[PDB]
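Chains as they are written, first to last, in the entry's author numbering: chain B, 70 to 890; chain C, 36 to 54. To keep things clear, I will list the structure first and then write my remarks on it.
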Amino acid sequence: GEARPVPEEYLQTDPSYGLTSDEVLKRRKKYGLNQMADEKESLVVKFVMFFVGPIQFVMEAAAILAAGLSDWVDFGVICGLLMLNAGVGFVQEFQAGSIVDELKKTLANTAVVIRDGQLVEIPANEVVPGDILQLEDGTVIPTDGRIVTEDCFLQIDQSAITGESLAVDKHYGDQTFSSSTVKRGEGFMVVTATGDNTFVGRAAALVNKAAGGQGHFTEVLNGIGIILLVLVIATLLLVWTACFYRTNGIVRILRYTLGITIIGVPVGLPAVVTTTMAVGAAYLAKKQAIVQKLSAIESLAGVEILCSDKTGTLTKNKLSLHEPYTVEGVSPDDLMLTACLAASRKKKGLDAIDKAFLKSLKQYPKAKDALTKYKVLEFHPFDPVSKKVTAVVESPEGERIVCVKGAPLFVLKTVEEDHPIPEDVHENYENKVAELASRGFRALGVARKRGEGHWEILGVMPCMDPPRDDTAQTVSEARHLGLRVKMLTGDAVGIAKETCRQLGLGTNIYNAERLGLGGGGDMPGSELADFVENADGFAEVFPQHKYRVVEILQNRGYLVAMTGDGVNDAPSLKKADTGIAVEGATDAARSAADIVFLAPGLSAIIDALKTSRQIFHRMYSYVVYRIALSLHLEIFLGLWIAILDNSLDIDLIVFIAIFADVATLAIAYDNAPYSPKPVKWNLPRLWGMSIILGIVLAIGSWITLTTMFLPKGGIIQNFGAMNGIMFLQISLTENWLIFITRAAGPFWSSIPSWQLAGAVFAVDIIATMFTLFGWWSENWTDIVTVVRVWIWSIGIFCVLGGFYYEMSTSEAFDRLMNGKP
Amino acid sequence: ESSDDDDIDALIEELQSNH
């Protein structure tokens, strides 16, 4: 993070001669190339990484167990499931990264340097510290440096770094940054850093540092998987105690252990969750939002703070004019016209100010129509000393008119030096200039003169970063969704405050450096966290301060999304639970942002929020379903093995797992309603609901089983096989539990989608054929027995519906499970 | 000199096309 400072001994390069080729070679050897390390991981390593997870290790162990026990169907199914999961995830993330590699545009970099006393164009990678680089109009600065031309005035656009869409004026001795564009002026700069040492270089270093960090979704999933593994180990301990106490054979013990491990560990949990997230990602891409990391979709569901860059994300990147102040008797059309005649008329080489004036002319038809009729005679461009552009023009009536556009105070002084202004006009002028400066507007005073007449001052033209047309409707819609919008920016406190006031945001914008985000503030940690939490934004924010604010907000338990465009933001994009790169973001920021917007503006964050909440609803429904599944079958089979030393046939257990997984894969397309409030994993409530549902299912299955021990068959009528019947009843109730967990209230309230209903019905049909034809069962079963099983399963399903309704709507149950009273 | 480099009205229309 600390830039290795190039000693000043190496920077005293004579500008008239530059560096020598031998010196170039030495410095290249000592400091390497001017190219950041572009480490991007490997595809095979990533495909392998998909298998590296807590649940995936337990399934690898289970597959090894199946291979050892010669149950090749078990091993083959487990490996097929694992490869399907990894393939789905890898394919989705490859599709996502293809877009990132697609919108890449930055290339054709060539720096013009003084070497051996001659100007030579070299590739941007060959520049070395101490070099003398030529800065021209439009030159993209490749390396950080310090200007060395004494009588030099540069205007350099640093929006890519500090967010400022406004060309910073740079003089002799001022620092320049890589990737900044020289909007005006000519000069020479001595290089001071290269590669990773550059400001952009250090930003990319922080990006590649945070790129190895895990996401909140993954930690929640890992916790669920670890608790399920703990429950499985408890059930295996019970089973093994029971089996030992019967002097049971090792082979029988290992077969039961394989059966319990296959079911109690959620094989398809990562797969179905990733598939739901991938379908949601495709929906977003249709909504013009491209998700890089699927986990970010979950994070964007529970995100409660959206930290947005001011410039390029919340605002536009054009120095747009606002309502002009006019002196009495001066029409706004007249002031627009006069400001325009004091502008360059050449299509090439237009300044930002003149460009904004010309663009605002659309709203002033009289000025537009009058501009063409005036013939420009002489034009004196922006002189930094007098700080005013001047234009001597000839009117269609033959009158010569001098127009001036400069600083409000300089133009006021120019007018005063010719004739005295009324005091009232002077005070109103200065008061409005002060208001505009406080509001952060870059005011531009305007004046004219007709023939030999006196100077007429016309007024002031504000010039600020305009809010994007679709931002207020997207900063109010986000707030309607329980989301708190906080601005972060490098612009001055005043400019950020005015932009917030114009966006409707809060005005409590604090200078980030002064509040201590840099670590130098005496404020205690908890007080700093509270200030960060309640502050309405931060101004003069360096990349490290963005990272610090995001880190503090995350440490307070908030899921934080963040938006930005420059590499400077990228550390906060990757650090935030949901890094959002807006249109026009740099390749580094895009590679750091978890979601990349492909259309201009910040309008696609509300559809992203809704779709993320729908995805979370589907994922939560599936997770509750599967935890209930695991607890149900763990309890049932563990007690069955402990009590009667017998368990459901291993093939039927494998098929139960396959059926549950494949039926749930269709949850990804379910029409889950969106939550109105930001949604979090209420894990204690989730686990309580799943435990109760599992106990109810276990009781139902145990009643069904114990009906078959009677000498007449009980549930069996005429004839039937116990293993097949238990398989059928288990499959039916387990499948139908999904219709229960997916509903926000009574299970009939949300009509099931046709994809999920058809999948569940098909699995029920296939289980029914399995039982009827006795596949991997002792014997066929009578059809009336199957009908009885179906009726019993329907009853258990209604019981589960009552239980889930009561538990879900119960605040008291939630309090009880969460420890509260 | 770059003198015959004009017709800004075209530029006027071109610039605010984002409307």
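For every residue, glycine included, the Cβ atom is placed at its ideal position computed from N, Cα and C.
Residue i to residue j span [Cα, whole Å]
{"i": "residue 269 (chain B)", "j": "residue 187 (chain B)", "result": "29 Å"}
{"i": "residue 608 (chain B)", "j": "residue 560 (chain B)", "result": "6 Å"}
{"i": "residue 746 (chain B)", "j": "residue 342 (chain B)", "result": "22 Å"}
{"i": "residue 111 (chain B)", "j": "residue 175 (chain B)", "result": "23 Å"}
{"i": "residue 246 (chain B)", "j": "residue 208 (chain B)", "result": "12 Å"}
{"i": "residue 735 (chain B)", "j": "residue 314 (chain B)", "result": "43 Å"}
{"i": "residue 795 (chain B)", "j": "residue 296 (chain B)", "result": "27 Å"}
{"i": "residue 911 (chain B)", "j": "residue 414 (chain B)", "result": "Residue 911 (chain B) is absent from the structure shown; chain B starts at 70 and stops at 890."}
{"i": "residue 212 (chain B)", "j": "residue 353 (chain B)", "result": "37 Å"}
{"i": "residue 71 (chain B)", "j": "residue 471 (chain B)", "result": "53 Å"}
{"i": "residue 181 (chain B)", "j": "residue 532 (chain B)", "result": "33 Å"}
{"i": "residue 743 (chain B)", "j": "residue 612 (chain B)", "result": "34 Å"}
{"i": "residue 639 (chain B)", "j": "residue 582 (chain B)", "result": "19 Å"}
{"i": "residue 813 (chain B)", "j": "residue 819 (chain B)", "result": "7 Å"}
{"i": "residue 85 (chain B)", "j": "residue 263 (chain B)", "result": "22 Å"}
{"i": "residue 880 (chain B)", "j": "residue 887 (chain B)", "result": "10 Å"}
{"i": "residue 489 (chain B)", "j": "residue 465 (chain B)", "result": "30 Å"}
{"i": "residue 157 (chain B)", "j": "residue 657 (chain B)", "result": "26 Å"}
{"i": "residue 48 (chain C)", "j": "residue 435 (chain B)", "result": "15 Å"}
Closest Cα partner of residue i within the set the options
{"i": "residue 727 (chain B)", "options": "B:803, B:206, B:275, B:133", "result": "B:803"}
{"i": "residue 128 (chain B)", "options": "B:386, B:108, B:526, B:147", "result": "B:147"}
{"i": "residue 810 (chain B)", "options": "B:154, B:692, B:890, B:658", "result": "B:692"}
{"i": "residue 544 (chain B)", "options": "B:387, B:490, B:373", "result": "B:373"}
{"i": "residue 645 (chain B)", "options": "B:323, B:410, B:670, B:371", "result": "B:371"}
{"i": "residue 89 (chain B)", "options": "B:525, B:159, B:479, B:185", "result": "B:185"}
{"i": "residue 22 (chain B)", "options": "B:444, B:430, B:440, B:474", "result": "In the structure as shown, chain B begins at 70 and stops at 890. Residue 22 (chain B) is therefore absent and cannot be evaluated."}
{"i": "residue 513 (chain B)", "options": "B:320, B:578, B:306, B:423", "result": "B:423"}
{"i": "residue 637 (chain B)", "options": "B:381, B:307, B:285", "result": "B:381"}
{"i": "residue 697 (chain B)", "options": "B:764, B:633, B:643", "result": "B:764"}
{"i": "residue 930 (chain B)", "options": "B:862, B:838, B:870", "result": "Residue 930 (chain B) is absent from the structure shown; chain B starts at 70 and stops at 890."}
{"i": "residue 823 (chain B)", "options": "B:762, B:100, B:761, B:737", "result": "B:737"}
CB contact flag (residue i, residue j, <8 Å)
{"i": "residue 648 (chain B)", "j": "residue 564 (chain B)", "result": "no"}
{"i": "residue 428 (chain B)", "j": "residue 232 (chain B)", "result": "no"}
{"i": "residue 412 (chain B)", "j": "residue 458 (chain B)", "result": "yes"}
{"i": "residue 257 (chain B)", "j": "residue 204 (chain B)", "result": "yes"}
{"i": "residue 333 (chain B)", "j": "residue 301 (chain B)", "result": "yes"}
{"i": "residue 236 (chain B)", "j": "residue 243 (chain B)", "result": "no"}
{"i": "residue 865 (chain B)", "j": "residue 769 (chain B)", "result": "yes"}
{"i": "residue 843 (chain B)", "j": "residue 850 (chain B)", "result": "yes"}
{"i": "residue 468 (chain B)", "j": "residue 537 (chain B)", "result": "no"}
{"i": "residue 388 (chain B)", "j": "residue 671 (chain B)", "result": "no"}
{"i": "residue 586 (chain B)", "j": "residue 618 (chain B)", "result": "yes"}
{"i": "residue 678 (chain B)", "j": "residue 739 (chain B)", "result": "no"}
{"i": "residue 409 (chain B)", "j": "residue 446 (chain B)", "result": "no"}
{"i": "residue 836 (chain B)", "j": "residue 800 (chain B)", "result": "yes"}
{"i": "residue 328 (chain B)", "j": "residue 719 (chain B)", "result": "yes"}
{"i": "residue 103 (chain B)", "j": "residue 234 (chain B)", "result": "no"}
Near the ligand GDP: residue i beta-carbon under 7 Å from a heavy atom
{"i": "residue 795 (chain B)", "result": "Ligands are entirely absent from the displayed structure, and the ligand GDP is therefore not among its contents."}
Range covered by the beta strand (DSSP E) that runs through residue i
{"i": "residue 753 (chain B)", "result": "It is not in any beta strand (DSSP E) - residue 753 (chain B) instead sits in the alpha helix (DSSP H) that spans 752-775."}
{"i": "residue 298 (chain B)", "result": "Unbroken run through residue 298 (chain B) is the alpha helix (DSSP H), 285-314; no beta strand (DSSP E)."}
{"i": "residue 451 (chain B)", "result": "444-452"}
{"i": "residue 225 (chain B)", "result": "223-226"}
{"i": "residue 198 (chain B)", "result": "Note, residue 198 (chain B): premise wrong, no beta strand (DSSP E); not H, not E."}
{"i": "residue 966 (chain B)", "result": "Chain B is shown only over 70 to 890; residue 966 (chain B) falls outside these bounds and no answer can be derived."}
{"i": "residue 180 (chain B)", "result": "179-184"}
{"i": "residue 580 (chain B)", "result": "578-580"}
{"i": "residue 554 (chain B)", "result": "553-557"}
{"i": "residue 607 (chain B)", "result": "606-608"}
Element boundaries [alpha helix (DSSP H), containing residue i]
{"i": "residue 603 (chain B)", "result": "594-603"}
{"i": "residue 457 (chain B)", "result": "Per DSSP, residue 457 (chain B) belongs to no alpha helix (DSSP H); it is in the beta strand (DSSP E), 457-463."}
{"i": "residue 156 (chain B)", "result": "141-171"}
{"i": "residue 214 (chain B)", "result": "Segment 214-216 is the beta strand (DSSP E) holding residue 214 (chain B); no alpha helix (DSSP H) there."}
{"i": "residue 54 (chain C)", "result": "Run containing residue 54 (chain C): none; DSSP gives neither H nor E here."}
{"i": "residue 861 (chain B)", "result": "852-878"}
{"i": "residue 572 (chain B)", "result": "562-572"}
Can you list, in chain order, the stretches of the beta strand (DSSP E) that have 3 or more residues and sit fully within the segment 473-547 of chain B? 514-519, 524-529
Tell me the start and end of each unbroken alpha helix (DSSP H) in the segment 630-680 of chain B that is at least 4 residues and wholly inside, in chain order. 639-644, 656-661
Curious, which full-length alpha helix (DSSP H) runs of at least 4 residues does the segment 224-269 of chain B contain? 228-231
Which runs of the alpha helix (DSSP H) spanning at least 4 residues fall entirely within the segment 343-380 of chain B, listed in chain order? 364-371
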